[PDB]
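Just below is one structure, and these are the notes that go with it.
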Amino acid sequence: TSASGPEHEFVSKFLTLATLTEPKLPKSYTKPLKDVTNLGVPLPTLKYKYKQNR
Amino acid sequence: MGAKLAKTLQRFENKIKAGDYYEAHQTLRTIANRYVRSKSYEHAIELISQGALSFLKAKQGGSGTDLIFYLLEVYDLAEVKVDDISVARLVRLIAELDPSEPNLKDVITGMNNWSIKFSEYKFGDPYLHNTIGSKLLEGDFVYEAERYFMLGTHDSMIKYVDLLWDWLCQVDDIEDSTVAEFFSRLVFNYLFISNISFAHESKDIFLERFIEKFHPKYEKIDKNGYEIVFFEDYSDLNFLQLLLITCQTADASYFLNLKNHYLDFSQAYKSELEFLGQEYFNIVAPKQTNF
């Protein structure tokens, strides 16, 4: 349907534009883990508890 | 020397299967200390490691844990460099460790610290992390496992997607923003260490499971080789997917336009976007709070 058209046309067009040229960094790109300096910004804590069920 | 070591190793594991734990532990250490005193590290390493293995296999965390530390001490005393062999010994010992061992984390830390000091990895050897991650997860230490997997190998990436997927499923009351809280971790973490390959693969595996379980309304958008699974009920996931590709272009304009269209998301991931804008768009100006 067209209940999500507004965002769909944005996401589709933004993708086209964002790919007009082969992005500077390919999808197979991988910064050598040897060169990894920091770990960016800490992620938010999930309020869900983790466990292992069987 | 080689024929003597092998022999005693049986009379040791004989004292272990007999119950004589104290005897087995005391004797081995003193003897091992002797090899170390004469700088015959290599010999001590095999003896100590072997002794630790048997102890752990006999459910004797106490002795097993102790020996691991002792081994590490030698590792640093012999300046053992990080390589397959060096890592292997630790991996083999980590496998026999009890997920509930009161020392678990300490053991893990020690091993990793060693890898850091004798390798070019600021956070430790990748392969090693793959094993460490699994061990931590067995003791329900999710957050610790996540970090190691993040800095692990390809298998870790799979076990990281399983760690996040089994967590998302554990949620009784799922919501539109709930799926993003898990999925976003994959995109952000991998984008920080600039591992686009893992970021794309982890994304594909996680987005496909999400589609085969929740059956959300979507439609794949393809453009110039790239694809964006447009979810009709998950804007957070759409934004996150665009963010990934955007960073790949390293073009300031695209990054700014994406954020200006998703003002709300631009404030939820304020700090995260600030970093990404510095690592992929050379932005020094802080992130102005939208709300």
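Labeling convention for the structure tokens: chains A, B, ... as they appear, residues from 1 per chain, ligands from 1 in order of appearance.
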
Please return as JSON, numbers by chain: the residues of range 25-257 of chain B that backbone DSSP assigns to helix (DSSP H, G or I).
-> {"B": [25, 26, 27, 28, 29, 30, 31, 32, 33, 34, 35, 36, 37, 41, 42, 43, 44, 45, 46, 47, 48, 49, 50, 51, 52, 53, 54, 55, 56, 57, 61, 62, 63, 64, 65, 66, 67, 68, 69, 70, 71, 72, 73, 74, 75, 76, 77, 84, 85, 86, 87, 88, 89, 90, 91, 92, 93, 94, 95, 96, 104, 105, 106, 107, 108, 109, 110, 111, 112, 113, 114, 115, 116, 117, 126, 127, 128, 129, 130, 131, 132, 133, 134, 135, 136, 137, 138, 142, 143, 144, 145, 146, 147, 148, 149, 150, 154, 155, 156, 157, 158, 159, 160, 161, 162, 163, 164, 165, 166, 167, 168, 169, 170, 178, 179, 180, 181, 182, 183, 184, 185, 186, 187, 188, 189, 190, 191, 192, 196, 197, 198, 199, 200, 201, 202, 203, 204, 205, 206, 207, 208, 209, 210, 211, 212, 213, 235, 236, 237, 238, 239, 240, 241, 242, 243, 244, 245, 246, 247, 248, 249, 252, 253, 254, 255, 256, 257]}

Taking only C-alpha atoms into account, which residues of chain B are within 8 Å of chain A, as a VMD selection string?
-> chain B and resid 120 to 122 126 138 140 142 151 167 170 to 171 181 185 189 192 to 197 200 221 to 228 230 232 238 242 245 to 246 248 to 250 254 271 to 272 275

Near range 31-35 of chain B, counting only C-alpha atoms, which residues have an atom at most 12 Å away, once you skip same-chain residues fewer than 3 positions from it, shown as JSON, numbers by chain?
-> {"B": [1, 5, 8, 9, 12, 24, 25, 26, 27, 28, 38, 39, 40, 41, 42, 43, 44, 45, 46, 47, 48, 49, 50, 51, 67, 70, 71, 73, 74, 78]}

May I have the selected residues written with N, CA, C and O atoms, as a short mmCIF file (atom, residue, chain, number, x, y, z; two decimals), in the first residue's frame?
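Final file, out_31.cif:
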```cif
data_model
loop_
_atom_site.label_atom_id
_atom_site.label_comp_id
_atom_site.auth_asym_id
_atom_site.auth_seq_id
_atom_site.Cartn_x
_atom_site.Cartn_y
_atom_site.Cartn_z
N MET B 1 64.94 -36.10 28.80
CA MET B 1 64.02 -34.98 29.15
C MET B 1 62.66 -35.21 28.51
O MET B 1 61.63 -35.14 29.17
N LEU B 5 59.45 -36.44 30.78
CA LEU B 5 58.25 -35.63 30.93
C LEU B 5 57.02 -36.51 30.68
O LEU B 5 56.16 -36.65 31.55
N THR B 8 56.20 -39.11 33.72
CA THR B 8 55.61 -38.49 34.90
C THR B 8 54.19 -37.98 34.68
O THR B 8 53.37 -38.01 35.60
N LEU B 9 53.89 -37.51 33.47
CA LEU B 9 52.56 -37.01 33.17
C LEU B 9 51.47 -38.05 33.43
O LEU B 9 50.32 -37.70 33.69
N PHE B 12 50.88 -38.50 37.19
CA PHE B 12 50.23 -37.30 37.68
C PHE B 12 48.73 -37.48 37.49
O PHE B 12 47.94 -37.35 38.43
N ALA B 24 49.03 -34.39 43.38
CA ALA B 24 49.20 -34.10 41.96
C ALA B 24 49.56 -32.64 41.69
O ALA B 24 50.44 -32.36 40.88
N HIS B 25 48.89 -31.72 42.37
CA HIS B 25 49.13 -30.30 42.18
C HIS B 25 50.45 -29.82 42.76
O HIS B 25 51.22 -29.12 42.09
N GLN B 26 50.73 -30.20 44.00
CA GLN B 26 51.96 -29.80 44.69
C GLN B 26 53.20 -30.28 43.93
O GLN B 26 54.08 -29.49 43.62
N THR B 27 53.25 -31.58 43.65
CA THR B 27 54.38 -32.17 42.95
C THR B 27 54.67 -31.50 41.61
O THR B 27 55.81 -31.11 41.34
N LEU B 28 53.64 -31.37 40.78
CA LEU B 28 53.79 -30.77 39.46
C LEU B 28 54.34 -29.34 39.48
O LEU B 28 55.23 -29.01 38.70
N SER B 38 65.62 -22.91 35.57
CA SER B 38 66.71 -23.18 34.64
C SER B 38 66.40 -22.60 33.26
O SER B 38 67.09 -22.90 32.29
N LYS B 39 65.36 -21.78 33.20
CA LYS B 39 64.95 -21.14 31.96
C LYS B 39 64.50 -22.11 30.87
O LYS B 39 64.48 -21.77 29.69
N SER B 40 64.16 -23.33 31.28
CA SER B 40 63.70 -24.34 30.33
C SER B 40 62.19 -24.18 30.17
O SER B 40 61.43 -25.13 30.30
N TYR B 41 61.78 -22.95 29.87
CA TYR B 41 60.38 -22.59 29.70
C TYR B 41 59.55 -23.62 28.93
O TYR B 41 58.59 -24.17 29.45
N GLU B 42 59.94 -23.86 27.68
CA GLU B 42 59.23 -24.80 26.81
C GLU B 42 58.77 -26.05 27.55
O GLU B 42 57.61 -26.45 27.44
N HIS B 43 59.67 -26.66 28.31
CA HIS B 43 59.33 -27.86 29.08
C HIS B 43 58.23 -27.58 30.09
O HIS B 43 57.26 -28.33 30.19
N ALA B 44 58.40 -26.50 30.85
CA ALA B 44 57.42 -26.12 31.86
C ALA B 44 56.06 -25.85 31.24
O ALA B 44 55.03 -26.25 31.78
N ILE B 45 56.06 -25.18 30.10
CA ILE B 45 54.82 -24.84 29.40
C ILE B 45 53.98 -26.07 29.08
O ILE B 45 52.77 -26.08 29.31
N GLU B 46 54.61 -27.12 28.55
CA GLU B 46 53.88 -28.33 28.21
C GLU B 46 53.40 -29.04 29.47
O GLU B 46 52.27 -29.53 29.53
N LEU B 47 54.27 -29.09 30.48
CA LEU B 47 53.93 -29.73 31.75
C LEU B 47 52.77 -29.02 32.43
O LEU B 47 51.77 -29.65 32.78
N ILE B 48 52.90 -27.72 32.62
CA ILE B 48 51.87 -26.92 33.26
C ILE B 48 50.54 -27.03 32.51
O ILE B 48 49.51 -27.36 33.10
N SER B 49 50.58 -26.75 31.21
CA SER B 49 49.39 -26.82 30.38
C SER B 49 48.70 -28.17 30.49
O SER B 49 47.49 -28.25 30.72
N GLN B 50 49.47 -29.24 30.33
CA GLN B 50 48.93 -30.59 30.42
C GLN B 50 48.30 -30.84 31.78
O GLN B 50 47.23 -31.45 31.88
N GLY B 51 48.96 -30.36 32.83
CA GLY B 51 48.44 -30.53 34.17
C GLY B 51 47.14 -29.79 34.37
O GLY B 51 46.23 -30.28 35.05
N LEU B 67 46.77 -23.34 37.76
CA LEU B 67 47.76 -23.68 36.75
C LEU B 67 47.71 -22.75 35.54
O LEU B 67 48.74 -22.39 34.98
N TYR B 70 49.56 -19.73 36.39
CA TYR B 70 50.97 -20.06 36.42
C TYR B 70 51.53 -20.14 35.01
O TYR B 70 52.62 -19.63 34.73
N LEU B 71 50.78 -20.77 34.11
CA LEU B 71 51.19 -20.88 32.72
C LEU B 71 51.40 -19.49 32.14
O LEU B 71 52.43 -19.20 31.54
N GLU B 73 52.00 -16.73 33.65
CA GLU B 73 53.18 -16.10 34.25
C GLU B 73 54.42 -16.46 33.44
O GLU B 73 55.23 -15.60 33.12
N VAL B 74 54.55 -17.75 33.12
CA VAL B 74 55.68 -18.22 32.35
C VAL B 74 55.64 -17.59 30.96
O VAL B 74 56.65 -17.12 30.44
N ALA B 78 58.74 -15.95 29.58
CA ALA B 78 59.45 -16.49 28.43
C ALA B 78 59.20 -15.59 27.22
O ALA B 78 59.69 -15.86 26.12
#
```
